[PDB]
Structures are given as structure tokens and as C-alpha cells.
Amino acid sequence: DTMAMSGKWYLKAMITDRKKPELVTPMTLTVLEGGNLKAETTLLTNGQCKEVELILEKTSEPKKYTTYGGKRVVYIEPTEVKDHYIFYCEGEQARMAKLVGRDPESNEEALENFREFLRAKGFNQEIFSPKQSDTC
């Protein structure tokens, strides 16, 4: 269900096919009317705390959303552990994959699923793990 995804999450691993954050805060997902989602997080890049607020608009395809006014498409895929999910972002023109989990602790089996996902989508395996912090 959509409501299940609401609440706090941690950005645990990132990769791009083609601005590495030196620090990331937890991510909050809020379920808006109509099944749409709001994603809020803060990132420290170049010594500056930059807030990031995204609206993911539900589409006719489940687990598929659009953001930046249709400029980007975002897919949300589960893993074998109930509290970790894969976000796959594509559009304007780069690709990005993120592992998100409900806790910030290292998780081997979610990481194994993430690497398998990266292989199926043709990313490399040079994964980046941002440093975690409650406040920016």
C-alpha cells in the first residue's frame, strides 16, 4: 500500500551511470492526496546544507512516478528485506539508483539485492555511501 511507505528513511547507498554529498540527513516520505508522495531530505555538498523537496506524482503504472514536471521518472522497487527499497531515477539526461532503508545500519542482504539491481540495469559497482547525520 502507499501509506506503508510513509515516514522516515535513510539514504544508504547511491550510484549514477554518468556532486557527491559529504553528508545526508534522514528522508521523510509523506503520502499526499491521490497517492502522490513528497520526499524531503537535506544534503551537505560543497560545505553547504541544501534542502531537497520532491513531489513524486503517481501514474497509471504502479510503483512508477514522475517528478520535476515530468522531466524525471522514478521507480520504486522492493528488496528481500521488508524495510529496504530501491529508487531508480531516469530522465533529464542521467540515471541514478539509491538504496533506502528504515535504519542506517549496514545491511548485507539489502546491499546484495541492490548490486543485483545495478547489474540488471547496467550500472557499475563503484557504490557511494554518504555519511549519515541527524542534523545538517
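We number the residues from 1 along the sequence you see.
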In terms of residues present in the deposited sequence but not modelled, what lies between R18 and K19: none, 1 to 3, 4 to 9, or 10 or more?
4 to 9
Gap between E92 and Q93, counted in deposited residues with no coordinates, falls in the class 4 to 9
Please work out which of 59-67 and 24-32 has the higher mean CA B-factor as recorded in the PDB entry.
59-67
Greater mean Cα temperature factor according to the PDB record, 9-17 or 108-116:
9-17
Highest CA temperature factor in the entry: which of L44, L37, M96, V100?
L44
Considering every modelled residue of the chain and its Cα B-factor in the PDB entry, is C49 in the lowest, middle or highest third?
highest
